[PDB]
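Given next, in structure tokens, is a single chain: the form solved without N-(2-fluorophenyl)ethanesulfonamide.
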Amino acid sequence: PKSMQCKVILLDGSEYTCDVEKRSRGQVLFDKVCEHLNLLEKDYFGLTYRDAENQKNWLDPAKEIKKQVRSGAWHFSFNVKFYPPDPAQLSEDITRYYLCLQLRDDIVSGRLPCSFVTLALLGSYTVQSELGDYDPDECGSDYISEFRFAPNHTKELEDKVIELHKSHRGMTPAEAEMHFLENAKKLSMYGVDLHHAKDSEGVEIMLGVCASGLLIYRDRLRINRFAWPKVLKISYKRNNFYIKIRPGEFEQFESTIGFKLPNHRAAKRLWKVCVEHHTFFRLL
């Protein structure tokens, strides 16, 4: 029975190595990683790989690993796939902990934009969770944290993290993580998966996929939203992605909205993440 070595980048930036039989389905690897992480609320997570065009794809747990990674390395990342709209309702603190690690990367990477004060407040909860109570001995007037808090660090930001950290004395790690999440969950781009696309006139837009539905970012002054209930059908054909928007009351027919994706693979990838979000957030 021939086994393939798998390398998974965990949310703390460390590398897990394991072996699975070469015909293994994605679920096999995912279960091994989740057992390693002592994670029971696994439904919010998945594994990504980089395809032959270097795009992030979700590993499908139902299909063979080899048929997905194809010509590429058996190299994966462990990630949040479905961001809970209300992290307080997760049953385990360790679930909320991995969600925090994902969100810290979402912030540092610039995928999750965040005001100065929110960057500093989220930072202060991370520091409280990781180091415990503010200690002046570790922090002088010229202190810079090892912690990455933002896509661009300033001395003013480092100072504001410390000032807010002082306010958190006696806060336990689970408590600081819950405050981190109570704040992060409100950010306009929280759990929004962005896809570059063109509308039916060739104007460049972004499509966001999330718990509440499909978002269409045109300009700052033109953002369209389709709640999952208002979507009847999700389809792709060639480089095109279509959604069937349900008839309004007393309207005779469904409306159809058409988008152009960069290539056929980009169209299918958007279709699959949409169907998966629809199913997940229909049931949750």
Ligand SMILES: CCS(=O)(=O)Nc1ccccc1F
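Each residue number is its position in the shown sequence, starting from 1.
One more form of this protein exists, namely the form solved in complex with N-(2-fluorophenyl)ethanesulfonamide; it is left out here, but the text below deals with it.
Annotation: pocket blocked; 3 or more atoms of N-(2-fluorophenyl)ethanesulfonamide, superposed via site C-alphas from its pose in the bound PDB entry, fall within 2.4 angstroms of backbone or C-beta atoms. When N-(2-fluorophenyl)ethanesulfonamide is considered in the bound PDB entry, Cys139 lies well away from it, no heavy atom lying within 4.5 Å. Contact annotation for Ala150: none of its heavy atoms lies within 4.5 Å of N-(2-fluorophenyl)ethanesulfonamide in the bound PDB entry. N-(2-fluorophenyl)ethanesulfonamide is not shown here, and in the bound PDB entry it never comes within 4.5 Å of any heavy atom of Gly72. When N-(2-fluorophenyl)ethanesulfonamide is considered in the bound PDB entry, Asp86 lines it closely, a heavy atom lying within 4.5 Å. Counting a residue when any of its non-hydrogen atoms is within 4.5 Å of N-(2-fluorophenyl)ethanesulfonamide in the bound PDB entry, the hits in 266-283 run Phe280, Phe281, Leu283.
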